[PDB]
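First comes the structure, then the notes that go with it.
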Amino acid sequence: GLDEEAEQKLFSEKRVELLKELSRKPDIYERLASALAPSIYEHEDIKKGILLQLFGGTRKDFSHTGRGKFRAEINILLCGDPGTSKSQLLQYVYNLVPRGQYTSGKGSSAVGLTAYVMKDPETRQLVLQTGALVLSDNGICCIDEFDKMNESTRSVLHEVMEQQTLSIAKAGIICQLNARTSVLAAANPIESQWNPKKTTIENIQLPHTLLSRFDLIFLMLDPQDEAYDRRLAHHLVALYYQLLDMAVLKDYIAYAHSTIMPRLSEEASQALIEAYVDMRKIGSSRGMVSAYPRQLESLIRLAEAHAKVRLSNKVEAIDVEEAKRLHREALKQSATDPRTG
DNA sequence: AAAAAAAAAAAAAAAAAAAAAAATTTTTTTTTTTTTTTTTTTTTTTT
């Protein structure tokens with residue numbers, strides 16, 4: 001938790017040195033990703049995105065700039081029919097992270113996600129009560145069935161995912177709560193399956209603004225691969241007839257949050273500028289998910305997260321390259337083409 | 001056929017009128033009992 005991380009005397013010197021060694025290993029990113037969700041098979045890119053979400057970005061103070069808070073959290077959307085493990089991933093994140101809230105389909109409303117007023121049935125006084133997003137203030141909100149979610153409740157997430165605040169202006173009291181939550185959304189394709197006769201944007205069926213608010217989108221498409229099918233079948237049967245330890249995973253993440261505060265190096269800055277220009281060029285097509293300065297900030301956040309994963313404390317070219325590669329492989333820019341579909 | 005907007009339903013909280021509920025010993029009178037007294041009457045003593 002936040003309090004445990006804030007407390008200084010949390011790790012022994014031996015444990016700190018062990019964590020530093022693990023960060024000094026070459027494939028720590030792959031190791032942590034494989035550690036995540038051991039019961040779900042071969043979602044390497046998705047688990048890397050989840051790991052970067054857990055590590056978060058670099059919290060920055062922009063009060064002097066007069067610019068407004070900057071979201072350091074990583075928002076991830078998963079897209080795929082109800083045959084993939086998107087819901088399982090959301091459940092795993094919910095059961096893993098502290099301050100994890102869960103929502104699904106139409107089982108939520110705007111007031112029930114932000115705040116409301118109830119007569120305290122022990123003092124007979126009208127007290128204000130928080131919603132799921134506020135309850136997961138410094139944690140993660142996992143929103144399954146994000147497609148079957150009416151606009152009235154879906155529109156609240158704009159403020160949460162953009163400003164990390166929540167300005168409730170009702171009769172009694174008007175106040176700006178803080179919901180610095182990380183969104184892990186899961187949405188189904190139109191007609192509950194990814195038909196290969198439609199382009200990605202229409203298959204997703206989400207507003208451009210809502211999709212831009214996400215810094216990662218993973219299209220969990222289904223490749224008709226006999227090898228993949230056989231490996232998954234063996235995985236599941238072995239699961240029925242049944243590593244990197246969770247303890248050291250916790251210690252690594254807590255240490256990274258406590259100490260590592262990655263900053264931008266010159267090479268990383270130039271790489272990010274070039275990457276954003278190239279991303280705009282590639283995404284200026286018709287059916288592709290376009291790119292914006294929001295995507296530039298998404299790359300910045302992912303680079304900071306990778307720096308945290310490496311305990312670098314300095315964002316650099318390798319981090320930027322990993323951010324770009326992840327942001328492309330997720331959303332499968334390669335498999336697409338100017339003639340989107 | 002689905003999404004967005006409108007309207008309705010259900011439910012909870014607050015206010016006003018009207019019926020209900022709670023609190024509430026002291027003071028004066030007066031009757032009976034006892035005692036006191038004035039007169040009548042009866043008894044005893046004396047011549």
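Chain lettering (A, B, ...) mirrors the order of the structure tokens, residue numbering begins at 1 for each chain separately, and ligand numbering begins at 1 in order of display.
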**Item:** Near-range 12-14 of chain B list (10 Å; only C-alpha atoms (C1' of nucleotides); drop same-chain fewer than 2 positions) as a count of residues only
**Value:** 4
**Request:** Starting from chain A, keep only residues with some atom at most 12 Å from an atom of chain B, counting only C-alpha atoms (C1' of nucleotides), and report them as a ChimeraX atom specification.
**Result:** /A:117-119,124-126,148-152,190-191
With only C-alpha atoms (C1' of nucleotides) as the counted atoms, please give the residues lying no more than 12 Å from residue 270 in chain A, apart from itself and same-chain residues fewer than 6 positions off, as a compact mmCIF listing (two decimals) with C-alpha atoms, in the first residue's frame.
```
# COMPACT_ATOMS: atom_id res chain seq x y z
CA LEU A 264 13.72 12.64 -19.26
CA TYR A 276 5.29 10.98 -32.02
CA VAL A 277 5.84 12.40 -35.51
CA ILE A 300 6.02 9.58 -22.21
CA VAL A 315 14.27 7.88 -19.14
CA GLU A 316 16.32 7.11 -22.24
CA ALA A 317 16.28 5.68 -25.75
CA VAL A 320 11.24 5.18 -25.51
CA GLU A 321 11.77 2.35 -28.00
```
**Spatial neighbours of residue 322 in chain A, 12 Å, only C-alpha atoms (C1' of nucleotides), chain gap at least 6 places, as JSON, numbers by chain** = {"A": [29, 30, 45, 48, 49, 52, 268, 271, 272, 275, 299, 300, 301, 302, 303, 304, 305, 306, 307, 309, 310, 315, 316, 328, 329, 330]}
Residues near residue 43 in chain A, anyone? I mean within 12 Å using only C-alpha atoms (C1' of nucleotides), not counting same-chain ones fewer than 4 positions away, as an mmCIF file with N, CA, C and O atoms, in the first residue's frame.
```
data_model
loop_
_atom_site.group_PDB
_atom_site.id
_atom_site.type_symbol
_atom_site.label_atom_id
_atom_site.label_comp_id
_atom_site.auth_asym_id
_atom_site.auth_seq_id
_atom_site.Cartn_x
_atom_site.Cartn_y
_atom_site.Cartn_z
ATOM 1 N N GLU A 30 10.806 -8.903 -19.069
ATOM 2 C CA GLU A 30 10.178 -10.160 -19.458
ATOM 3 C C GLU A 30 9.878 -11.015 -18.236
ATOM 4 O O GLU A 30 8.827 -11.660 -18.162
ATOM 5 N N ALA A 33 6.821 -9.616 -16.458
ATOM 6 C CA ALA A 33 5.623 -9.857 -17.254
ATOM 7 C C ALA A 33 5.191 -11.314 -17.159
ATOM 8 O O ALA A 33 4.003 -11.606 -16.982
ATOM 9 N N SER A 34 6.141 -12.245 -17.263
ATOM 10 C CA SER A 34 5.802 -13.658 -17.142
ATOM 11 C C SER A 34 5.326 -13.997 -15.738
ATOM 12 O O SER A 34 4.494 -14.896 -15.567
ATOM 13 N N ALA A 35 5.847 -13.305 -14.724
ATOM 14 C CA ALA A 35 5.357 -13.508 -13.366
ATOM 15 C C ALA A 35 3.891 -13.117 -13.255
ATOM 16 O O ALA A 35 3.103 -13.805 -12.596
ATOM 17 N N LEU A 36 3.511 -12.011 -13.889
ATOM 18 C CA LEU A 36 2.119 -11.576 -13.855
ATOM 19 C C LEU A 36 1.198 -12.661 -14.404
ATOM 20 O O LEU A 36 1.456 -13.232 -15.466
ATOM 21 N N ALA A 37 0.112 -12.935 -13.675
ATOM 22 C CA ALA A 37 -0.943 -13.841 -14.118
ATOM 23 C C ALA A 37 -0.371 -15.144 -14.664
ATOM 24 O O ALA A 37 -0.401 -15.373 -15.879
ATOM 25 N N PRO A 38 0.156 -16.021 -13.805
ATOM 26 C CA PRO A 38 0.778 -17.257 -14.303
ATOM 27 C C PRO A 38 -0.202 -18.252 -14.900
ATOM 28 O O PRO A 38 0.239 -19.175 -15.598
ATOM 29 N N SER A 39 -1.501 -18.109 -14.653
ATOM 30 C CA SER A 39 -2.487 -19.074 -15.124
ATOM 31 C C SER A 39 -3.081 -18.713 -16.479
ATOM 32 O O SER A 39 -3.881 -19.491 -17.011
ATOM 33 N N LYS A 47 0.425 -8.483 -20.709
ATOM 34 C CA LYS A 47 0.994 -8.514 -19.369
ATOM 35 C C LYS A 47 2.077 -7.459 -19.198
ATOM 36 O O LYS A 47 2.230 -6.911 -18.105
ATOM 37 N N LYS A 48 2.830 -7.150 -20.255
ATOM 38 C CA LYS A 48 3.769 -6.036 -20.180
ATOM 39 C C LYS A 48 3.037 -4.717 -19.972
ATOM 40 O O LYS A 48 3.467 -3.877 -19.174
ATOM 41 N N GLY A 49 1.935 -4.515 -20.692
ATOM 42 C CA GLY A 49 1.137 -3.322 -20.468
ATOM 43 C C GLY A 49 0.607 -3.248 -19.049
ATOM 44 O O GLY A 49 0.625 -2.188 -18.421
ATOM 45 N N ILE A 50 0.145 -4.380 -18.519
ATOM 46 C CA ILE A 50 -0.350 -4.411 -17.145
ATOM 47 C C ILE A 50 0.776 -4.106 -16.165
ATOM 48 O O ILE A 50 0.572 -3.422 -15.157
ATOM 49 N N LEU A 78 -8.758 -3.277 -23.245
ATOM 50 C CA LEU A 78 -8.680 -4.578 -23.888
ATOM 51 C C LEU A 78 -9.915 -4.757 -24.758
ATOM 52 O O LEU A 78 -11.016 -4.360 -24.368
ATOM 53 N N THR A 84 -11.904 -14.658 -25.046
ATOM 54 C CA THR A 84 -10.549 -14.366 -24.612
ATOM 55 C C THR A 84 -10.539 -14.072 -23.115
ATOM 56 O O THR A 84 -11.582 -13.912 -22.477
ATOM 57 N N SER A 85 -9.333 -13.995 -22.556
ATOM 58 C CA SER A 85 -9.146 -13.852 -21.119
ATOM 59 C C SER A 85 -9.091 -12.397 -20.672
ATOM 60 O O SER A 85 -8.430 -12.084 -19.677
ATOM 61 N N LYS A 86 -9.755 -11.492 -21.391
ATOM 62 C CA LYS A 86 -9.806 -10.093 -20.973
ATOM 63 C C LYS A 86 -10.437 -9.949 -19.591
ATOM 64 O O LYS A 86 -9.897 -9.264 -18.710
ATOM 65 N N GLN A 88 -10.702 -12.273 -17.353
ATOM 66 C CA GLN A 88 -9.813 -12.917 -16.394
ATOM 67 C C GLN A 88 -8.672 -11.990 -15.998
ATOM 68 O O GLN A 88 -8.281 -11.944 -14.829
ATOM 69 N N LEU A 89 -8.118 -11.250 -16.958
ATOM 70 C CA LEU A 89 -7.070 -10.288 -16.634
ATOM 71 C C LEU A 89 -7.596 -9.197 -15.716
ATOM 72 O O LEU A 89 -6.921 -8.799 -14.757
ATOM 73 N N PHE A 218 -5.250 -2.841 -26.516
ATOM 74 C CA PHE A 218 -4.834 -4.178 -26.925
ATOM 75 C C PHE A 218 -6.017 -4.867 -27.586
ATOM 76 O O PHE A 218 -7.000 -5.199 -26.914
ATOM 77 N N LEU A 219 -5.918 -5.099 -28.891
ATOM 78 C CA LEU A 219 -6.939 -5.843 -29.625
ATOM 79 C C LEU A 219 -6.620 -7.324 -29.483
ATOM 80 O O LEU A 219 -5.728 -7.847 -30.153
ATOM 81 N N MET A 220 -7.352 -8.005 -28.606
ATOM 82 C CA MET A 220 -7.096 -9.410 -28.315
ATOM 83 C C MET A 220 -7.725 -10.294 -29.396
ATOM 84 O O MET A 220 -8.573 -11.147 -29.142
ATOM 85 N N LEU A 221 -7.279 -10.068 -30.629
ATOM 86 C CA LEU A 221 -7.777 -10.831 -31.763
ATOM 87 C C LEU A 221 -7.422 -12.304 -31.610
ATOM 88 O O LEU A 221 -6.586 -12.691 -30.789
ATOM 89 N N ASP A 222 -8.073 -13.132 -32.420
ATOM 90 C CA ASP A 222 -7.891 -14.575 -32.359
ATOM 91 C C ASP A 222 -7.187 -15.064 -33.616
ATOM 92 O O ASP A 222 -7.817 -15.126 -34.684
ATOM 93 N N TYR A 228 -0.794 -22.249 -31.695
ATOM 94 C CA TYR A 228 -1.331 -21.536 -30.544
ATOM 95 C C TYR A 228 -2.448 -22.334 -29.892
ATOM 96 O O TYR A 228 -2.504 -22.450 -28.663
ATOM 97 N N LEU A 232 -2.321 -23.723 -26.063
ATOM 98 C CA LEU A 232 -3.325 -23.287 -25.099
ATOM 99 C C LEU A 232 -4.115 -24.466 -24.548
ATOM 100 O O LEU A 232 -4.443 -24.496 -23.356
ATOM 101 N N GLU A 329 2.497 -2.772 -31.226
ATOM 102 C CA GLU A 329 2.046 -4.161 -31.185
ATOM 103 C C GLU A 329 0.653 -4.258 -30.582
ATOM 104 O O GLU A 329 -0.235 -4.903 -31.150
ATOM 105 N N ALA A 330 0.438 -3.630 -29.429
ATOM 106 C CA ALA A 330 -0.923 -3.367 -28.998
ATOM 107 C C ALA A 330 -1.562 -2.425 -30.004
ATOM 108 O O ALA A 330 -0.967 -1.415 -30.388
#
```
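Note that the spacing between CA of residue 204 in chain A and CA of residue 340 in chain A amounts to 13.2 Å.
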**Message:** When DSSP is applied to the backbone of this structure, which of range 214-280 of chain A are assigned alpha helix (DSSP H)? Write them out as number ranges by chain.
**Reply:** A: 226-240, 246-258, 266-280
**Request:** Write out as a PyMOL selection string which residues come within 7 Å of residue 19 in chain A when counting only C-alpha atoms (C1' of nucleotides), dropping same-chain ones fewer than 4 positions away.
**Result:** chain A and resi 15+23+252
**Complete:** What separates CA of residue 177 in chain A and CA of residue 61 in chain A is a distance of 18.0 Å
**Asked** Which distance in Å separates CA of residue 256 in chain A and CA of residue 76 in chain A, to one decimal?
**Response** 20.6 Å
Using DSSP on the backbone coordinates, identify all residues within range 126-340 of chain A classified as strand (DSSP E or B); present the result as a short mmCIF file (atom, residue, chain, number, x, y, z; two decimals) with N, CA and C atoms, in the first residue's frame.
```cif
data_model
loop_
_atom_site.label_atom_id
_atom_site.label_comp_id
_atom_site.auth_asym_id
_atom_site.auth_seq_id
_atom_site.Cartn_x
_atom_site.Cartn_y
_atom_site.Cartn_z
N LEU A 126 -27.16 13.18 7.19
CA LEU A 126 -26.90 13.04 5.76
C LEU A 126 -25.40 13.14 5.53
N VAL A 127 -24.78 12.03 5.16
CA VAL A 127 -23.34 11.96 4.91
C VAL A 127 -23.13 11.62 3.44
N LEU A 128 -22.02 12.12 2.90
CA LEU A 128 -21.65 11.88 1.51
C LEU A 128 -20.85 10.59 1.40
N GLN A 129 -21.16 9.81 0.37
CA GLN A 129 -20.55 8.50 0.15
C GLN A 129 -19.91 8.48 -1.23
N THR A 130 -18.78 7.78 -1.33
CA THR A 130 -17.97 7.76 -2.54
C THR A 130 -18.40 6.62 -3.47
N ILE A 140 -6.58 1.00 -8.90
CA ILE A 140 -7.00 0.62 -10.24
C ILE A 140 -8.49 0.31 -10.24
N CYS A 141 -9.20 0.84 -11.24
CA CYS A 141 -10.59 0.50 -11.49
C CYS A 141 -10.66 -0.37 -12.73
N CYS A 142 -11.13 -1.60 -12.56
CA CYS A 142 -11.28 -2.55 -13.65
C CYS A 142 -12.73 -2.55 -14.11
N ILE A 143 -12.95 -2.19 -15.37
CA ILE A 143 -14.29 -1.96 -15.90
C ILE A 143 -14.51 -2.97 -17.02
N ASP A 144 -15.13 -4.10 -16.68
CA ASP A 144 -15.44 -5.12 -17.67
C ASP A 144 -16.69 -4.72 -18.46
N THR A 165 -9.28 14.34 -11.42
CA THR A 165 -10.16 14.96 -10.44
C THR A 165 -11.60 14.55 -10.73
N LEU A 166 -12.51 15.02 -9.89
CA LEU A 166 -13.93 14.69 -10.04
C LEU A 166 -14.71 15.82 -9.37
N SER A 167 -15.20 16.76 -10.17
CA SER A 167 -15.83 17.97 -9.65
C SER A 167 -17.33 17.73 -9.54
N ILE A 168 -17.77 17.30 -8.36
CA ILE A 168 -19.19 17.07 -8.11
C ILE A 168 -19.78 18.38 -7.61
N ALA A 169 -20.73 18.93 -8.37
CA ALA A 169 -21.38 20.20 -8.06
C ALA A 169 -22.87 19.93 -7.92
N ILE A 174 -20.52 21.56 -3.19
CA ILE A 174 -19.79 21.38 -4.44
C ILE A 174 -18.32 21.26 -4.10
N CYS A 175 -17.68 20.19 -4.58
CA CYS A 175 -16.30 19.92 -4.23
C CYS A 175 -15.65 19.08 -5.32
N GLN A 176 -14.32 19.17 -5.38
CA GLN A 176 -13.53 18.48 -6.39
C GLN A 176 -12.75 17.35 -5.71
N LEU A 177 -13.34 16.17 -5.70
CA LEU A 177 -12.67 14.99 -5.17
C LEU A 177 -11.50 14.61 -6.07
N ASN A 178 -10.60 13.79 -5.53
CA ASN A 178 -9.44 13.30 -6.26
C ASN A 178 -9.63 11.83 -6.56
N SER A 182 -6.19 4.32 -12.10
CA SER A 182 -5.77 3.73 -13.36
C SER A 182 -6.91 2.88 -13.90
N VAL A 183 -7.34 3.17 -15.12
CA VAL A 183 -8.48 2.48 -15.72
C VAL A 183 -7.98 1.26 -16.49
N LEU A 184 -8.57 0.11 -16.19
CA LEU A 184 -8.33 -1.12 -16.93
C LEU A 184 -9.68 -1.54 -17.50
N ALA A 185 -9.98 -1.07 -18.70
CA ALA A 185 -11.27 -1.31 -19.32
C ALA A 185 -11.21 -2.54 -20.22
N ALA A 186 -12.35 -3.21 -20.35
CA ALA A 186 -12.50 -4.36 -21.24
C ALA A 186 -13.80 -4.18 -22.00
N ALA A 187 -13.71 -4.15 -23.33
CA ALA A 187 -14.86 -3.89 -24.18
C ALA A 187 -14.98 -4.99 -25.23
N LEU A 216 -3.10 2.87 -23.77
CA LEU A 216 -2.82 1.59 -24.40
C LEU A 216 -4.13 0.94 -24.81
N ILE A 217 -4.15 0.35 -26.00
CA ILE A 217 -5.29 -0.41 -26.49
C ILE A 217 -4.77 -1.73 -27.06
N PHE A 218 -5.25 -2.84 -26.52
CA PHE A 218 -4.83 -4.18 -26.92
C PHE A 218 -6.02 -4.87 -27.59
N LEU A 219 -5.92 -5.10 -28.89
CA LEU A 219 -6.94 -5.84 -29.62
C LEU A 219 -6.62 -7.32 -29.48
N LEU A 264 13.46 12.72 -17.83
CA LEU A 264 13.72 12.64 -19.26
C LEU A 264 15.16 13.04 -19.57
N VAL A 315 14.93 8.34 -17.92
CA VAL A 315 14.27 7.88 -19.14
C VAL A 315 15.20 8.09 -20.32
#
```
**Message:** Excluding range 67-72 of chain A and its own-chain neighbours fewer than 2 positions away, which residues fall within 12 Å of it when counting only C-alpha atoms (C1' of nucleotides)? Please give them as an MDAnalysis selection string.
**Reply:** chainID A and resid 52:65 74:75 138:139 159:165 178:183 213:215 261:262 294 297:305
